[PDB]
Each structure stands twice: as C-alpha cells, then as structure tokens.
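Colleague: According to the authors' numbering, the residues represented by the first sequence are 323 to 410, in order.
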Amino acid sequence: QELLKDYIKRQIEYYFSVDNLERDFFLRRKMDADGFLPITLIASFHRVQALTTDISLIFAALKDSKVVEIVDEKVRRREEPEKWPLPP
RNA sequence: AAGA
C-alpha cells in the first residue's frame, strides 16, 4: 500500500496547507483550540474516502508527513496550528 | 465537501 499511502498523505497535506486553510471554514470550525481535528473526520472527506477506508493506512500516511502531527486520534498542522481554529 |  505504499503508493496509496503517498496519495493519501498528499491529499491530507493539502487540507492542512495554508492555501486551503485560508478558505476552509468547515475544517477550522471543527478544530479544537489547539488546532487538532479527529483523524476520522479527515477520513470522511470525499477525496480520502475515495482512496481508502482503512484507518491504519490513513494513520500510517500521516506519520510520514512533516506538514502535520498526530497526537492519539487527532491531527493538526505542525506550524502555528493555534492561528486557524474558528468558532463553530 | 467549489480538494470540506
């Protein structure tokens, strides 16, 4: 599953890119105050779900990234995550 | 789900 992991990784890094975050109000409203989102929320997004429903594979894809960081079941952008959360 |  290494090729599939790479596509998943890059898709999720797009969601956490500054360019996306500047317009992604839904994602920002779902963040906690520290920027964290449930990984299973990201797994539901259409372009990730198309690729896989394997949660281990999604976690493995994210562990490979220098854009995001995982803590338990949650993920956030590594750089300045606190700037992005928004009121629900 | 205008790549939530």
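C-beta: ideal position from N, C-alpha, C; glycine also.
Give the DSSP-derived three-state secondary structure of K405 in the structure shown.
Modeller: In the structure shown, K405 sits in a helix (DSSP, three-state: H, G or I).
Colleague: Under the DSSP definition of a beta bridge, which residues are partnered with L373?
Modeller: DSSP, once it has assigned bridges, lists no residue as partnering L373.
Colleague: Could you check how far apart the C-beta atoms of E335 and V389 are, in whole angstroms? I think they sit under 8 Å.
Modeller: Going by Cβ atoms, the distance from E335 to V389 rounds to 4 Å, so yes, they are a contact pair.
Colleague: For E395, collect the residues of the same chain with a Cβ closer than 8 Å to its Cβ; drop the 5 residues on either side in sequence, then sort them by chain order.
Modeller: The answer, listed in chain order, is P360, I361, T362.
Colleague: When burial is assigned at 16 or more other CB atoms within 10 Å of the CB, is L384 buried or exposed?
Modeller: It is buried - the Cβ of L384 has at least 16 other Cβ atoms within 10 Å.
Colleague: Just to check my reading of the structure: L326 and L373 have Cβ atoms closer than 8 Å, yes? What is that Cβ distance to the nearest angstrom?
Modeller: So it is a contact: roughly 6 Å between Cβ atoms.
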